[PDB]
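Listed below, chain by chain, are the residues.
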Protein chains: 2
Amino acid sequence: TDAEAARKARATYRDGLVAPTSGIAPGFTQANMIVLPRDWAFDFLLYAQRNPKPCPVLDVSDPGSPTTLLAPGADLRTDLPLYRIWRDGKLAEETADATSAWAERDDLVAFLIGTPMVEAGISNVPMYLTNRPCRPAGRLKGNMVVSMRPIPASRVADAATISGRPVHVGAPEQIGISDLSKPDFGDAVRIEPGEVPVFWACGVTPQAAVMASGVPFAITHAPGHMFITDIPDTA
Amino acid sequence: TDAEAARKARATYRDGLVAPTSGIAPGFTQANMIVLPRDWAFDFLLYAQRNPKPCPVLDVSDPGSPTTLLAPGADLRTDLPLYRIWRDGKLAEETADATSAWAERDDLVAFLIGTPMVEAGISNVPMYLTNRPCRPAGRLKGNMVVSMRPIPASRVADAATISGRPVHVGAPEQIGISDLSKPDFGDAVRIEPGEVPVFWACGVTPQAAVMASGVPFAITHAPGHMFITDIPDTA
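Residues numbered from 1 in each chain as written, not as in the entry; some residues may be left out. Chains lettered and ligands numbered in written order. Heavy atoms only, no water.

Looking at the entry header, you'll see X-ray crystallography listed as the method and 2.80 Å as the resolution.

The following threshold applies: UniProt positions are given in the numbering used here, feature names are shortened, and annotations may be inferred rather than shown by experiment.
You'll find chain A entered in the PDB entry as UPF0317 protein Atu3911, with Agrobacterium tumefaciens str. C58 given as the organism. Under the heading Sequence similarities, UniProt records this for chain A: "Belongs to the D-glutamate cyclase family."

A word on the overall build of chain A
Stated formally: Only DSSP runs of H or I with at least four residues qualify as helices, and only runs of E with at least two residues qualify as strands; both kinds are numbered from the N terminus onward. Note on method: radius of gyration uses C-alpha positions; expected globular size equals 2.2 Å times residues raised to 0.38. To sort residues, take the accessible area from a 1.4 Å probe on protein chains only and compare it with the maximum for the residue type: under 20% means buried, over 50% means exposed, and anything in between is partly exposed. The sign given to each residue is positive for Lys and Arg and negative for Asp and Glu; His and the chain ends receive no count. For the purpose of locating charges, the reference atoms are NZ of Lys, CZ of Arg, CG of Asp and CD of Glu.
For chain A, the count of helices and strands is 5 helices and 12 strands. The C-alpha atoms of chain A give 18 Å as radius of gyration, which agrees with the globular expectation for 235 residues (18 Å, within 12%). Dimensions of chain A, computed from C-alpha atoms along their principal axes, come out at roughly 50 × 45 × 30 Å. By residue count, 47% of the 235 residues in chain A fall in the buried class. Positive and negative side-chain charges in chain A, numbering 21 and 26 respectively, have mean positions lying 5 Å apart.

Here's the deal with unusual backbone geometry
Residues and elements named next belong to chain B. In the Ramachandran plot, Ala-25 falls in the positive-phi region, its phi being about 25° despite a non-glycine side chain. Residue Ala-171 is not a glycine yet carries a positive backbone phi of 20°. Locating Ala-171 in the fold gives a position in the loop between β9 (168-169) and β10 (195-201). Judged by its relative accessible area of 16%, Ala-171 is buried.

With respect to the sheet that holds strand β7 (residues 127-133) of chain B
All names here are of chain B. Here is the rule we go by: Strand pairing requires that DSSP identify at least two bridges connecting the strands.
Taken together, 4 strands build an open sheet; the order of strands is β7-β8-β10-β9 and the sheet is antiparallel. The open sheet has two free edges, formed respectively by β7 and β9, since each of these has just one partner strand. Both strand β8 (residues 143-152) and β10 contribute to a ladder of 7 bridges, which runs antiparallel. Within β10, the residue paired with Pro-152 across the bridge is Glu-195.

Some points on the side chain of A:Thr78
Residues and elements named next belong to chain A. Using the following cut-off: When checking whether two residues touch, look at their non-hydrogen atoms; a contact exists if any pair is within 4.5 Å.
For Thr-78, the location among the structural elements is in the loop between β3 (59-60) and β4 (83-87). With a relative accessible area of 14%, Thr-78 lands in the buried category. If near-sequence neighbours (up to four positions away) are discounted, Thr-78 is found in contact with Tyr-13, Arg-14, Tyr-83, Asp-97 and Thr-99.

Quick word on the sheet that holds strand β9 (residues 168-169) of chain A
All names here are of chain A. Condition: Orientation is described by axes fitted as lines to C-alpha atoms, over the contacting stretch for helices, and by angles from 0 to 180 degrees between their N-to-C directions.
The strand order across the open sheet formed by 4 strands is β7-β8-β10-β9, and the pairing between neighbours is antiparallel. At either end of the open sheet lies a strand with only one pairing partner, and these are β7 (127-133) and β9. The sheet strands contacting helix α5 (residues 204-212) are β7 and β8 (143-152), and the helix crosses β8 at an angle near 155°.

Structure, rendered in C-alpha cells:
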C-alpha cells in the first residue's frame, strides 16, 4: 500500500547504513542479486530457466545498466546494504558500495532473483548442499542448495499450499544430509519436538554454481542484505 | 472423457457385484456416503460447513430422494457395491443393496462427500483417531480422523501443492498417535526410510461423529466401496 517507504530503506542504504533487510519494508518483495559479465549472461539465464525452483528470476538488467524495473529510480550499485565482490572463484571483499567494481567491466548484467505465513499463525537461515544436482547450462552445473526452516507438523502442508501461491521435507539423509547440526553455511537452529525440517531452494545455488565454475568476476549481495523492490508480495 | 463407463461400473453394482472401487472408472470422482434422518440433516450440513477439511460435501439429496446430481440416472440404493446399515450407534449389517432400509424412514437425506499424483511420479488406507477436535454443530462433535499415506520425502510438498488443486505431516505424537503400528482402523502399512507419514481428513470423521452421537438410523458405504460419480477429477 502507498507503494513507497521501500524507496525509503534503499535511501538509507545510499548513505551507507549496512544492516540486515529482515522485516524492513514488510510486504514488499525482496531479492538476491547475481551480476555476471555478458559472456556469462546467456548461461545464467539458461541455468535460471532450466532450474526455475532454485533460481527464480524476477528481473534482468540490460548489459551495463545498473537499474531494474522492479523499483524505478533505484541503483543496484548503492541501494543494497552490503555487497560481495568475487574474483576468480574466490571472495575478494565485502563493500557497502559496488559502484567501483561495476565500473570495472563495461557490459555487466544483473539478475534479481530472491511474512504471509506468519499471518496464518506459523541470524541467517541454515542452508545445506544437497546431492540433488540441477540441470546444467553451458559452463554451469552443480547441486542445488537448500534452506532449512523448522515448521510445526501441522503447518507443513499449510506451508506448502501457502507458499505455492518446498523441495524436500523430513528425511534429511535422503538429500545427503547426515546431521542438521553442521549446516553447509554455518549457523544451526533449534528444531523442536513436533517440528519438521522443511527445505527450500534459494539464490545460493545459482551463486554456488557460478562460483564453482570459475567465473572471473562477479558481484552479489552479502547474506542477509538483499535488495528491497517496489513490488508488493501479492503480485 | 466420453463421460460414461462410470455409469457402467454402477451398472455392475445393481446386478450385485460386491467389490472395491479402487482403480475403477479412473479419472472420475468417487465419494463416501452418509444418509441420516431429516431431523439430523441440518446438524450434519452445519457440521460439514463448519469442518470443510474433514467433511467436504459434493452433493446432498432431497429428503427421501435417493438420487444425486453427481450422476444423473443413478440410484444410491443400489449403485454402490456394499453398504453398512447402522442402528442405535451400532453396526446392524452389511448389505449390497440398501433399498430395503431406505424404505424404512420416509424423509431420508443422503450426503455425497468423498490418481493425478501417481501421474507425477508418486487394502484400506491406515486411519487414526486424533486429538484434534472438530467444530461442533448441534448434537454433533468429536475429533477428526486421519488417513496416513507414506509419501517420499521429496514429494510431500509436491503432495501438498498437487492435492491442493494434508492436515498433519510427520510428528505423529503431536496429533495423539504413539505408534503407527496400531491404526485406529485395523491395517498397518510399510513406511520405509525416506518416506513420511502424511495425514489426511476423510468421511470417517463425519461418520465417527454421527456414530458417537447416538443417531438412531444411518446408512453408509462400506470401507473401500464408494459411489463412483460422473464427475471427472478435474472440475
